[PDB]
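# Summary of structural features
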Amino acid sequence: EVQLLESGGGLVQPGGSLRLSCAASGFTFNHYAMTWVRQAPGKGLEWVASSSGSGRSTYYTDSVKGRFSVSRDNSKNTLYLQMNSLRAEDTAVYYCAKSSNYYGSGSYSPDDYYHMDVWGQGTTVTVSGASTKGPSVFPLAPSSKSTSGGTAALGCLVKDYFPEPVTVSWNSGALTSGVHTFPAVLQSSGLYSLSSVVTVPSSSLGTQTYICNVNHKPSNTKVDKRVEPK
Amino acid sequence: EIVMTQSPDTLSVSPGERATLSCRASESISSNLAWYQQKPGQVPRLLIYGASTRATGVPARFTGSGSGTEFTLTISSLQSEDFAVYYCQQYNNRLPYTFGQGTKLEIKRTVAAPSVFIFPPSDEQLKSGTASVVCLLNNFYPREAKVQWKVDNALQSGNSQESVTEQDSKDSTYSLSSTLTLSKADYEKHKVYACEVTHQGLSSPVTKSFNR
Amino acid sequence: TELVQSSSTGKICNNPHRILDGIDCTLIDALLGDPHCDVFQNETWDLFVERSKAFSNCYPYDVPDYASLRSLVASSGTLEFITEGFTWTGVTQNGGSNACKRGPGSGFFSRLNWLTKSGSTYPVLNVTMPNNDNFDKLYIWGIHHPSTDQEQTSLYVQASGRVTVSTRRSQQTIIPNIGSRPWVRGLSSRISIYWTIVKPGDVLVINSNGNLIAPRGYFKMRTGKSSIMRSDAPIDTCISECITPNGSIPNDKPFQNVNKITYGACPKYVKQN
Ligand SMILES: *[C@@H]1O[C@H](CO)[C@@H](O[C@@H]2O[C@H](CO)[C@@H](O)[C@H](O)[C@H]2NC(C)=O)[C@H](O)[C@H]1NC(C)=O
Ligand SMILES: *[C@@H]1O[C@H](CO)[C@@H](O)[C@H](O)[C@H]1NC(C)=O
């Protein structure tokens, strides 16, 4: 099986440098052009840079010229992307992708760029001035203003963390029906915030306990906040 | 600079019905055009190359046609797995690759009014000097919804953010969470905190409010 | 297990197998006559070793049937090229490109002949080369894909070229694909390399009204038991009947897990270590 394994993504200050790696297996690496594709949060796919099979021909999108540099070590079956003087707009998931052949198997087109056969799993780079920080978890308490008939909505507000992502479960995964965990918003401070809500029977608010389990791995933060009616 | 333009930005169609996505190049790319499919949190997958050739393993309900500057991708009958974002792409035309901006293929269903709930700030958060008021719009369709924050009937601007879930796997609705963030001092200056919601499923805007 | 060879020397032994190190050159570039691969002319081998550092430095090209051509030449074990006196009436021969420098000035693949217009005409070329020998002839030729319509007419007059190559058995026609590909060594154009086996009693017919990259002769084919292998291991003066891309191994054990690809008398491959 053809596999593309990416690494090297991380968090970097603006103006910093990062080097991405794409280890290839399952095909004759130097026969195929290899390229980098990036996807900013909630935006489309954007071509970044491409290298020929030999690596002797490289091409770049305008916005990264003089800052990014694509290379490949064909003895190691590895594609590289050196990213210098990173900017906030470079925050994206970066994929490496293998050009397909055109004439079929057993052909040879190292200097041409065809439909993309296989993709890496993606590696995330985050360019920001913010520092790694664990979130503050606040309850969204059930009340008459969140109750419709016999159903009550309650939730958790996970505020001011960096970087993405965080994970939210309810009652250690036992509660899954009616859960809505929203996408994170980037606040003007450079920190993220999200909420997670769930609708439960109002008659259970007196007896059943509801705890949201928040996990921010990039800061080793685990919070279990009991959401109490008030 | 070859420009790849996809239309429409969002295509709403019922499960089981036909869908056709269009892609246009600012100049001729012959048949050097590919279509990719991408679900949220997932790697893109090849569907069509050469404008009309199905990739290996791609079901027969996908078909592509066109040459030069206009291209169409047609799905004869949509299944649940087919609702996703679709990208077209030129390859090998002077520049290695150029993507279109993408078209979201969204599940069409009947109108559903949102359930609107409001949450005052927690007392724990108020002890740290910040007040966040959350408004929840639960299980609505279509996606278009206007959430306005009104504090003593004064329209708020620049102090709130919102985010929307993906379409629910069972009822295909959206849910929206809007958070109004004020300072503690500013929060105590006012009485009525209201969330005003405008949606096609509502005959008139619905306001959810609380005092203190 | 004790029955599975799991370790290699990391080096390729040149005894008893005659090893030819491609260095910076693939077998196909040695076949075509890329200028920096000229030293490989009329070379011979039991095992051709291709390096990952190999590169091309001539006209940017593709090969639609690369793997089959590579295997046929490698199994032959030789690069013996025979020059034939083709008559190309009414065209200019020996075209050169600055993407394929041969010394200080422009150049081309040594085994190929880039034909272009003479005066203001490119006639319909029509040539026949019979195989009256008792061996098979391998002909390497190609077609030029110009980058623009202007380049097409400047070189070949005709707005749409064609290369038709036939034997007594069948006829193959290639039409150029005009268009700008990504820049390689100053060029947006490409060449597609094709090949034809002509057997004793058969003939080669070439007909073209433009874009033909002509053969200069044929490679004298032989039935051999040579091969080719992609490996970065250094060549060493040792002794080994079995060679893997990882390097040489002893062949006394019944099985080996070093590499799927082997050359010579080797143990049978198994996955278990
Ligand atoms: C012989 O070479 C092959 C190919 O280079 C080696 O196979 C890979 O070896 C690396 C070494 O860390 C592993 O990470 C890969 O998973 C291997 N891939 C496959 C498909 O096997 C092999 O290990 C080498 N063996 C020896 C003994 O040198
Ligand atoms: C090429 O020349 C031969 C010899 O005169 C002739 O028989 C043949 O018809 C010519 N080619 C074509 C395509 O007519």
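Residues numbered from 1 in each chain as written, not as in the entry; some residues may be left out. Chains lettered and ligands numbered in written order. Heavy atoms only, no water.

As documented in the archive entry, the model was determined using X-ray crystallography at 2.000 Å resolution.

Chain C has the name Hemagglutinin in the PDB entry, where Influenza A virus is given as its organism.

Looking up chain B in the PDB entry gives the name antibody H2214 light chain, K1642, with the organism given as Homo sapiens.

### Some words on the state of the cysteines
When the sulfur atoms of two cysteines share a covalent bond, that bond is a disulfide. Residue and element names in this part refer to chain C. Scanning the entire structure with this criterion turns up eight disulfides over all chains. Through a disulfide, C242 is tied to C266; the S-S separation comes to 2.0 Å. On the sign convention where negative is left-handed, the bridge of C242 and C266, at about 110 degrees about the S-S bond, is right-handed. Of this pair, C242 sits in strand β22 (residues 242-244) while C266 sits in the loop between β25 (263-264) and β26 (268-269), and the two are 24 residues apart along the sequence. Its relative accessible area of 0% is what places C242 among the buried residues. With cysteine numbering restricted to those in disulfides and following the sequence, chain C has the pairing 1-6, 2-3, 4-5, 7-8. Going through chain B in sequence order and numbering each bonded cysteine, the pairs you get are 1-2, 3-4. (Disulfide = S-S within 2.5 Å. Helix = DSSP H or I, 4+ residues; strand = E, 2+ residues; numbered from the N terminus. Buried < 20%, exposed > 50% of the residue type's maximum accessible area, 1.4 Å probe, protein only.)

### Some thoughts on the packing of aromatic side chains
For the structure shown, the criterion picks out 32 aromatic pairs over all chains. For the pair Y102(A) and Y103(A), a centre-to-centre distance of 4.8 Å together with 85 degrees between the ring planes defines the contact as edge-to-face. Classification of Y102(A) as exposed rests on a relative accessible area of 53%. Of the residues examined, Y103(A) reaches a relative accessible area of 33% and is grouped as partly exposed. Grouping aromatic residues by their ring pairs yields a cluster made of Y108(A), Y59(C), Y61(C), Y66(C), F108(C), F109(C) and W114(C). (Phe/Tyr/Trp six-rings, centres within 6.5 Å; stacked < 30°, edge-to-face > 60°.)

### Thoughts on the interface of chain A and chain B
Taken together, the contact between chain A and chain B spans 43 residues of the former and 41 residues of the latter. Contact with chain B buries area across many residues of chain A, yet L45(A), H115(A) and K145(A) alone supply 18% of it, more than any other trio. A salt bridge links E124(B) to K225(A); the shortest N-O distance between them is 3.2 Å. Among the residues forming the side of chain A that touches chain B, the class breakdown is 22 nonpolar, 15 polar and six charged. (Contact = heavy atoms within 4.5 Å. Buried area = accessible area lost by both parts, 1.4 Å probe. Salt bridge = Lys/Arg side-chain N within 4 Å of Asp/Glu carboxyl O. Nonpolar A, V, L, I, M, F, W, Y, C, P; charged D, E, K, R; others polar.)

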